[PDB]
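Structural description and commentary
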2 protein chains.
Amino acid sequence: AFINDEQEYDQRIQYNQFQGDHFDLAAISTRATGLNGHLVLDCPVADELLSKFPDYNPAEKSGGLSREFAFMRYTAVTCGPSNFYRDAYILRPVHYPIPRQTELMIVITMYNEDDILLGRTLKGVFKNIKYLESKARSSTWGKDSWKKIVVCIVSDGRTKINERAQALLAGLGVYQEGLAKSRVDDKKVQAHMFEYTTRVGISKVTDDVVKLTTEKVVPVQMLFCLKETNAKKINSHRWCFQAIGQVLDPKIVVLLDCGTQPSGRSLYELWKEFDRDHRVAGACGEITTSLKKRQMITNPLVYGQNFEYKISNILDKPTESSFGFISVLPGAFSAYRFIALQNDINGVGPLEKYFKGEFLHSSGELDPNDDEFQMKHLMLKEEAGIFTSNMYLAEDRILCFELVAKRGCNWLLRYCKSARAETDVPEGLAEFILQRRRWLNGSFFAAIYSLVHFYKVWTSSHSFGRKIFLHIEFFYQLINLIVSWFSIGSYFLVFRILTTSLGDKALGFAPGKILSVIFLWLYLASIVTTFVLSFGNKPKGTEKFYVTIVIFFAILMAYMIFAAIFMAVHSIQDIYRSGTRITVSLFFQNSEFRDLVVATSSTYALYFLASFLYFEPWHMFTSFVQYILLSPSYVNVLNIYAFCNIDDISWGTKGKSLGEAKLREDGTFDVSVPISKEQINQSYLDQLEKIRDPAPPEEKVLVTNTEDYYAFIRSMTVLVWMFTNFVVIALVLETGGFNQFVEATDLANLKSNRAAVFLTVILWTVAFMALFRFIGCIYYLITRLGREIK
Amino acid sequence: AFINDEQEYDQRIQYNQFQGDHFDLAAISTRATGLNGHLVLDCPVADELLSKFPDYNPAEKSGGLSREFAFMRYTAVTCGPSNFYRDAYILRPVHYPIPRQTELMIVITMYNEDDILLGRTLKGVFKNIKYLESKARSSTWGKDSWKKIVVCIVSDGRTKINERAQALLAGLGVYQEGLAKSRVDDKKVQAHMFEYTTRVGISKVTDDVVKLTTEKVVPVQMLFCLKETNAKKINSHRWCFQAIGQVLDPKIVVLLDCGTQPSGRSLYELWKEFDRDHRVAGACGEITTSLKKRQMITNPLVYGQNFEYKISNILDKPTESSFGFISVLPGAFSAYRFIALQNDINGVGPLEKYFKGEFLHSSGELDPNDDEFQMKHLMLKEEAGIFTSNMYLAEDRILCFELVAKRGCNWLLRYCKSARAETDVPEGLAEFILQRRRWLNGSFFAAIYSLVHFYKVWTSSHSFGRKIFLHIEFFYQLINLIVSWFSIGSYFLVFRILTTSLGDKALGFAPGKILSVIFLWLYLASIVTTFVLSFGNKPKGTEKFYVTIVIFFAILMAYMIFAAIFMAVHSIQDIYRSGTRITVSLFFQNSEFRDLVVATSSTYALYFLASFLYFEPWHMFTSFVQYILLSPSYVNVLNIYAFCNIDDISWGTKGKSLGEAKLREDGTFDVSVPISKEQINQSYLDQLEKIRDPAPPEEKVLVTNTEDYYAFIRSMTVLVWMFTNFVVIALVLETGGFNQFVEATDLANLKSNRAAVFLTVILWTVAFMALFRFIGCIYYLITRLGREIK
Ligand SMILES: NC(=O)OC[C@H](O)[C@@H](O)[C@H](N)C(=O)N[C@H](C(=O)O)[C@H]1O[C@@H](n2cc(C(=O)O)c(=O)[nH]c2=O)[C@H](O)[C@@H]1O
Ligand SMILES: NC(=O)OC[C@H](O)[C@@H](O)[C@H](N)C(=O)N[C@H](C(=O)O)[C@H]1O[C@@H](n2cc(C(=O)O)c(=O)[nH]c2=O)[C@H](O)[C@@H]1O
């Protein structure tokens, strides 16, 4: 088990002086005393782990190590997040005789993750801490910087945690099996907290095994909170913020996910972003997809995702940062300023909005024995509107808006490209669909919520010009939402127009008509099957259907590209053949050539230039084709699955022995049955009286279950979506009954004109959005360079 | 509580001599002895019930009543249906010193039914038994006929039974609360059986209360089997046939349902049908809908159901009886010959086929403690095909086929119109949809299964002509299935053709075009919403949507009728105006008039004549219009809901405390944690070794759950249905890409010709099916009259 930039850090660190601070222990005789009447145990760590440490001396009983390095602390938390601070629950960092002030709380979220992912994340975090320690000419960082950093690992579900990751944590010395206790004082233990200052560092993380060593390892404070039962990720974040954060009172809480490996200096970059400008309340960093042992052709999906991530980080994030409002801060890698998230005295704030989703989106079955029964009952008893009861879709996204549009605060969200983190994307199609479900639902709901409540920014204490530019950004987001809502209909219309144009006898393409008919039938069949499967079955089961649909859509996209190129070439040849003193004006006056070629070429050129200016050009070559061929799948399959499954009904449905006859030694059975005549007569009379009366009306008027409400919401949403898309399609191609209001010959020309108008509208909308994002990213680069010079 | 044809019965019955047979009791001291090592208790009934009986004498300790009338018997059954006969479980009728042979077992099925429905059913059964007792010149029936009849009430679910019906049963004296025991000898009690010969008769059953009296009441043997847990209706029938039937070994098992009130002589009619012809193995009787306190206009649905029931009993049942094979025998009121249902020595038979559905259609989670674990495990381990694993859809329907097409037996199914039973239909729309779901699914699956396996009748020992006529019936059923599969597409095509025909400028109707467009849009919206709701929500929740859709479809049907009449009148006027020596030949040569008018009028006339000949003409006037206006709803809404919900997933998903720390008198907490250095080091080494190894491949290859299989089957079914219907629609109206292969002017004429051909085909298919059924019912009447004369 035990065996260039990194090297630099090691030279600056002395590594000889790492004596820990003394703290009071808990007596463990096996009666054990608990601090403040809580179950707390300071157990000794395995002697081998102590022996590994350089400072260890065989003669000394504990090796001469400090109290913190010698003993690991275990606490049983029964109250839960809401009352954790109210009760006298004390964490070790704040229990020292000299209080320690936290500067950076690195939260890590875990759920049945392999030990490899956790090892990678911990290696990244340890490298960042080592870099911070090595920093010499820093006012805040340097010697004894590890005391200001706490790493919190919140594992969701005691029985769902992977055994190998748990073994990894045990190897670090944080966790021990015997300590954990199910109940204390007849009270269920909601969480188990293990605290230890580990001096064990992961040397390397191969594909199959993890190697940890004690050589050149900086001590790290580790708090491992294992939850008794799984309550999703919102509950984990409630533990992180509502309970642990209040006790620690940190700054710049960093949120990480297992499998996300930050760079060697990424966390320093995030901290510096927060430090330079005091108005910044949230920050995000570049997220990359690993392509180590994945081929270009064998894994089209991975490379398509790589292209999507690169384009996002190059165009979307910089523009939103320039405007000061970022729609989404990735939960896998982000950072928030703790004070900015605090609620107001009235009790309304970003954290309240974020947490309300968990309580509202759940079965209305509250256990009376829970100590948070009063809070949950009061929240559920409150009248909730559409937005409040559907907050669960937005998730972290809501926070961003609530931070920017505060009542009287001046907060901004910023994106830094210096911070980089690498994560593993889902290779399988089913996992990819499942991941995109919640991403799409959250994006849509957050956009709708922000646009509806755009007026809340009026009262915020921002400069007038800042408000004007925020309104410009809101207008852009409204246009983007409108475009995204009509994506499926626009795709179908473009496909139909391009395929039917090849059927025209003017151009010399014989199979065009038959191919168009066949493709139409296949397209309809694929859409219908996608809807049926999205409602009926699970993606993991019927994966082959989705694979076939994706392949067909890729082939169709290739055919559409070929058709567009053929049409443009034919239009140019028609420009030439006749002979009209050919000039650039005529080329730009031809609707076909202009719309089909110029707009798409301009969009591609803008993407190419944006990639080049950021010194990240490879993705434009290696991964462009895969993304282009998968685009229709993104619009059709993922969107249909997401909208069909807006409701996430995780909870199931709903939720005195008469006697016991035991055979005795003899054949007789011991029974207790009525014997006296009096009781038999009384029971008979009671039955007579029970049936002797008419039936009263039920009039239950029960509240009923919330699953029906969410299912109704989802059904209404999908129906409205279908209706609007079909209205647009019928208006463009004269598909419904509209054809009756025209004649045999007028219909063709009218349909052609409408199709041309629609094509030019959609293509130029896309091109102008691309230009807007390009200008945004150029401004981001210029301002960041100027700031760096300053 | 205690207060003309019927009168006749009372005059023939003496009522003075009703002494019961003596039987051995079980000692009840409170140690009680159980017969054959089973938990059996013979308790005394309430003294007031004994006092009511005329024969009661105050001086006598028990009133001089017989042992059976004095004591009620309670038995606890732990084994279950499969092993009930193998174990020494003895029922009281067979326990007499002189064995009693059962002639008619009247099974009644109950599930949380109101005491009113049970009271009505019991009143009907008691009246039938009284009539059988009164019969004088009968070889089998007459004095002491009540000894040959046993009434079995199988209640599904101990905690789901309604309290008022249970109180009714207690009032009869069958049930007592104290006796029931949950466990015996550490074995769960699957069923609780209460046996009593009750002399209490329900005098009248008002709307709100039930009145029972002891005057002029014939004793009735009652066996009330209360099941511990609900296992649906197939398990109840398994209890009735597999377990109770074997012990009783009865003939002509009668199946009834709560709320079904047979007539005064209906059961005698069924028994006589079985007795006259020995080849008969199953029989069914006329089922009627009560219209006592229900108005014509206030309850369209009830009257529509009345018309449907009357037409079924007048046309479908008689024809199928004449052919000797009835597709469905109503489970609410039917009768079967017990010997015919017995399986073969090889173990294959109608009952095995019927029961396999319960075991196959359930979660694959078998409790090892069940005594039927071996049987269920063997059945599930067996390789099951599509038909075997989907038997659950057919339900009782399967039995009929398996009875007719036996390997070497000669059995027939017969329908008798002398037997009548009245039942309450679901007034609500949601309940009606839920009821029709399983009816439609069973009808479709049974038709498919019978048609695929039509060859099995070759080996049956039937006359050659009988086999020929059975093949003719199979051909008719194939045509009916084909027509029913394309119902929705045919309805849409007819609607579209009729609405568009009004748009023609030849006829003088201005709003036609706009109305057709609006109706098309509304029709599409209704179909799409029906699909979405059928997949997403429950009928009870979103009932208003279904109500609105039904109302719209009724309005559309009225408009279609108006359009057809207008078109026919216009065609006749065109025949006349020009002047062509008008004759009947020209009227019959005009496609419009002929198809639209003659076919529909002929169908209506056939229905009218069939109703008149059966002396049941009122339904053709009172309830015809409601059925006509609801027809499209039947085809669209019910069929869509049934196909979307083929899978009936009733079962849910899926299905060691670390320690306990108790605070002592002192502040210390009592805990058990590792102390010795050795064990700590050993645990650390174990964790190191656990993580020190590479991850082995899962390779689970698990069978997985059956819910996915059924969902997949349902999705495939709906997809195939949609595809076939759309292919037909596209072929008829040139709706898809077919229009591209024609020109501006040819499309109109070609579409018109295809529409005319389709209309004539469908209308004449319906008319010929009606004529076939009419001839069938006439033959049934003639043969029944001839038989009656004989
Ligand atoms: N830009 C971007 O986000 O990419 C990142 C990458 O693609 C993501 O997949 C990344 N691995 C990721 O974050 N996955 C999960 C998630 O996103 O929800 C994270 O939540 C944790 N989790 C999941 C639960 C569940 O699955 O039900 C649960 O019940 N409770 C709980 O705590 C889980 O341990 C993981 O850390
Ligand atoms: N021609 C025609 O059939 O019309 C008859 C009329 O319209 C029907 O409604 C009639 N009342 C009827 O039979 N209803 C039920 C059914 O049909 O299944 C019957 O089954 C019994 N039942 C239902 C269960 C459930 O509901 O889940 C269950 O779980 N276990 C169980 O034993 C229930 O006590 C009733 O007796």
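For this coordinate set, the PDB header names cryo-EM as the determination method and states a resolution of 3.15 Å.

To continue, consider the sheet that holds strand β12 (residues 253-257) of chain A. All names here are of chain A. Taken in spatial order, the eleven strands make up an open sheet running β2-β3-β8-β11-β5-β4-β12-β15-β14-β16-β13, and their pairing is mixed. The open sheet has two edge strands, β2 (40-44) and β13 (261-262), and neither has a second partner. Relative to strand β11 (residues 220-227), strand β8 (residues 191-198) is paired through eight bridges, and the arrangement is antiparallel. Bridging from a neighbouring strand, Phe194 pairs with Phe224 of β11.

Moving on, we come to the interface of chain A and chain B. One frequently used descriptor of interface size is the decrease in accessible area upon assembly of the parts. If you look at the interface, chain A gives 97 residues, while chain B gives 97 residues. Ranked by the residues each element gives to the side of chain A that touches chain B, the list is headed by helix α25 (residues 706-733) of chain A, at 13 residues. Tallied by class, residues from the side of chain A that touches chain B come to 54 nonpolar, 22 polar and 21 charged. Bridging between strand β6 (residues 183-184) of chain A and strand β17 (residues 660-663) of chain B involves two bridges; their strand directions are parallel. Looking at the pairing, A:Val184 lines up with B:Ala661 of β17(B).

Turning our eyes to something else, we now look at the UniProt feature "transmembrane region" (unreviewed entry) in chain A. Residue and element names in this part refer to chain A. UniProt annotation of "transmembrane region" (unreviewed entry) refers to residues 439-458, 470-494, 514-533, 545-569, 596-615, 718-738 and 758-782 when read in the numbering used here. Overall, residues 514-533 shows 100% helix and 0% strand. The separation of its end C-alpha atoms is 29 Å. A helix fraction of 76% and a strand fraction of 0% characterise residues 718-738, whose end C-alpha atoms lie 24 Å from each other.

The next subject is the relation of the copies chain A and chain B. Each of the two copies of the chain can be brought onto the other by a rotation about an axis and a shift along it. Mapping chain A onto chain B is achieved by rotating through 180 degrees and translating by 0.0 Å along the same axis, at an RMSD of 0.0 Å. The relationship between the two copies is best expressed as a two-fold rotation axis. When each C-alpha of chain A is compared by its distance to the rotation axis, A:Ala744 comes out closest, at 2.7 Å.

Okay, the site of ligand 1 next. Residues and elements named next belong to chain A. Around ligand 1 there are 13 residues in total, and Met110, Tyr111, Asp257, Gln435 and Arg438 lie nearest to it. At a separation of 2.6 Å, an oxygen atom of ligand 1 approaches a polar side-chain atom of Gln435. The protein chains hide 76% of the 690 Å² of surface that ligand 1 would expose on its own. Considering each element in turn, the shell around ligand 1 owes the most residues, three residues, to helix α15 (residues 429-452). Broken down by class, the residue content of the shell around ligand 1 amounts to five nonpolar, two polar and six charged.

Residues and elements named next belong to chain B. Note on placement: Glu372 falls in the loop between α11 (350-360) and α12 (373-381). With a relative accessible area of 8%, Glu372 lands in the buried category. Residues contacting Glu372, with those up to four places away along its chain left out, are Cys79, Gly80, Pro81, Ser82, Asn83 and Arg238.

Reading across the sheet, the five strands line up as β1(A)-β18(B)-β17(B)-β6(A)-β7(A) and stay open at both edges, with mixed pairing between neighbours. Strands at the two margins of the open sheet, each flanked by one partner only, are β1 (31-32) and β7 (187-188) of chain A.

Turning to the pairing of strand β15 (residues 333-336) of chain A, a few remarks are in order. Residues and elements named next belong to chain A. The alternating pattern of β15 places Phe333 and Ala335 and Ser334 and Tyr336 on opposite faces, both of which are buried. As paired elements, β12 and β15 share four bridges and run antiparallel to each other. By the bridge assignment, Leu256 is partnered in β15 with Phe333. Where strand β14 (residues 280-289) and β15 come together, three bridges link them in antiparallel fashion. The residue bridging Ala283 from the neighbouring strand is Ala335, located in β15.

Our focus in this paragraph is the packing of helix α18 (residues 512-536) of chain A against helix α23 (residues 624-644) of chain A. Residues and elements named next belong to chain A. Closest axis-to-axis distance for the α18/α23 pair is 9 Å, and the angle between their directions is 35 degrees. Where α18 crosses over α23, the two elements pack in a sense that is right-handed. Contacts between α18 and α23 involve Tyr523, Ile527, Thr530, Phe531, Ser534 and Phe535 from the first element and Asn636, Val637, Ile640, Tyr641 and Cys644 from the second.

With that settled, consider a nonpolar patch on the surface. On the surface, a cluster of nonpolar side chains totalling about 430 Å² of accessible area is made up of A:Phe464, A:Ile468, A:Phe469 and A:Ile472. Relative to the elements of secondary structure, A:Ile472 occurs in helix α16 (residues 464-485).

In this section: helix α9 (residues 300-323) of chain B. All names here are of chain B. Over its 24 residues, α9 runs 34 Å from end to end, which matches the ideal 34 Å to within 8%, given 1.5 Å per residue. Where burial is concerned, most of α9 is hidden: 19 out of the 24 residues are buried. Taken from the residues just after α9, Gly324 is the one with a positive phi, measuring 95 degrees.

All names here are of chain A. Position of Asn306 among the secondary structure elements: in helix α9 (residues 300-323). Under the relative-accessibility criterion, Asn306 is labelled buried at 5%. The contacts of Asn306, once residues within four sequence positions are left out, are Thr289, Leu291, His619 and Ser623.

It is worth spelling out the pattern of salt bridges at this point. All names here are of chain B. Counted according to the given criterion, the structure contains 64 salt bridges over all chains. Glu286 is paired through a salt bridge with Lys310; the nearest N and O atoms lie 3.6 Å apart. Of this pair, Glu286 sits in strand β14 (residues 280-289) while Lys310 sits in helix α9; the two residues are 24 residues apart in sequence, bridging distant segments of the chain. Overall, the relative accessible area of 3% leaves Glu286 in the buried class.

Moving on, we come to the site of ligand 2. Residue and element names in this part refer to chain B. Neighbouring residues of ligand 2: 14 residues in total, closest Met110, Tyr111, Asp257, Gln435 and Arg438. In the model, an oxygen atom of ligand 2 is placed 2.7 Å from a nitrogen or oxygen of the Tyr111 main chain. Notes on ligand 2: free accessible area 700 Å², of which the protein chains cover 76%. Those elements that place two or more of their residues in the shell around ligand 2 are β4 (104-110), α7 (232-248) and α15 (429-452). Residue contributions to the shell around ligand 2 peak at three residues, all from α15. Split into classes, the residues belonging to the shell around ligand 2 amount to six nonpolar, two polar and six charged.

Time to look at a negative patch on the surface. Residue and element names in this part refer to chain B. A surface patch of negative charge is lined by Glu365, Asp367, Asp370 and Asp371. Topologically, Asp371 is positioned in the loop between α11 and α12. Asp371 gets classed as partly exposed once you look at its relative accessible area, which sits at 36%.

What counts and how
- The scheme used for residues numbers each chain from 1 in its written sequence order. That scheme is not guaranteed to match the entry numbering, and residues without coordinates are omitted from view.
- Each chain gets a letter, beginning with A, and each ligand a number, beginning with 1, in the order they are written.
- Side-chain measures here rest on the full set of heavy atoms in the structure, leaving out hydrogens and waters.
- Residues with missing side-chain atoms are left out of burial classes, side-chain pairs and their counts.
- For two strands to count as paired, DSSP must find a minimum of two bridges between them.
- Helix and strand labels come from DSSP, where a helix needs a run of H or I of at least four residues and a strand needs a run of E of at least two; each type is numbered from the N terminus.
- Residues count as neighbours in contact if any of their non-hydrogen atoms are within 4.5 Å of one another.
- The residue classification treats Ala, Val, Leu, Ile, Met, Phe, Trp, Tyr, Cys and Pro as nonpolar and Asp, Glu, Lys and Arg as charged. All others, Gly included, are polar.
- UniProt positions are given in the numbering used here, feature names are shortened, and annotations may be inferred rather than shown by experiment.
- Throughout, superposition of copies is done by least squares over C-alpha atoms.
- When we say a residue is near a molecule or strand, we mean one of its heavy atoms is within 4 Å of it.
- By the criterion applied in these results, polar contacts are pairs of N or O atoms within 3.5 Å in which, for protein atoms, one can donate a hydrogen and the other can accept it, and in which residues neighboring in sequence qualify only through two side-chain atoms.
- Each accessible area value is a Shrake-Rupley result obtained with a 1.4 Å probe; residue values ignore everything except the protein chains displayed when judging cover.
- Each residue gets one of three labels from its accessible area relative to the maximum for its type: buried under 20%, exposed over 50%, partly exposed in between, using a 1.4 Å probe on protein chains only.
- Fitting a line to C-alpha atoms yields each axis, with helices limited to the stretch in contact; the angle taken between N-to-C directions then spans 0 to 180 degrees.
- When the near helix sits turned anticlockwise from the far one by under a right angle, the crossing is termed left-handed; a clockwise turn instead gives a right-handed crossing.
- A patch consists of residues whose relative accessible area exceeds 30% and which take part in no salt bridge; residues with like charges are grouped when within 9 Å of each other, and nonpolar side chains (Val, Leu, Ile, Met, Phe, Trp, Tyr) when within 5 Å.
- A pair is scored as a salt bridge if a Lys or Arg side-chain nitrogen falls within 4 Å of a carboxyl oxygen belonging to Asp or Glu.
- Under the convention used throughout, the expected extent of a helix is 1.5 Å for every residue step, that is, one less than its residue count.
- Charge assignment in this entry is limited to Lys and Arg as positive and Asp and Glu as negative, and neither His nor the chain termini are counted.
- A charge is said to be at NZ when it belongs to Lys, at CZ for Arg, at CG for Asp and at CD for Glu.

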